[PDB]
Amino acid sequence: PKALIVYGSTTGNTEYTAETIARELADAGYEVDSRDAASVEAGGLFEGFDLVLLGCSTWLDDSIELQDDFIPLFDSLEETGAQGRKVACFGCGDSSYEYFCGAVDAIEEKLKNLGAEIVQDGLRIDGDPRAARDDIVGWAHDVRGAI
């Protein structure tokens, strides 16, 4: 099976999370393509992939709390080929904030409005992902089992 992983990361936490998930999928036999959201084009982005995993950090704001590199993709999510696609979301944040990992909720809700099939509840990481490595691996393991 082929999996696409797209992440938006400012300090490297969601990027570390994306690379950890990519290894667990590859070691289970999937062909994995991992890309920074700053370098992708939304048009037909998901065409040909069996599983798509989307990740991003949360930054408090009055208009949009998504990490800046992911905004352009999010705004054009309707042109990616999400209808009927198997997808799951993940993201890093901090529970001292009101909207803890709020970007994960925003992405799940829009994918749901576009007809995607959310395979598993989103992974929400508090603090340093390097200390939550077991939670990342287990989630990756559970997403493989819903495919």
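The first residue of the shown sequence is 1; numbering continues from there.
Comparing the deposited coordinates for 117 to 125 and 87 to 95, the stretch with the larger average C-alpha B-factor is 117 to 125.
For the two regions 127 to 135 and 17 to 25, the entry's Cα B-factors average higher over 127 to 135. Listed residues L54, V32, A37, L51 were ranked by CA B-factor as deposited; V32 comes out on top. Based on the entry's C-alpha B-factors, the most elevated value among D69, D61, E108, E79 belongs to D61. In the deposited entry, the Cα temperature factor of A3 sits in the middle third of values across the chain's modelled residues.
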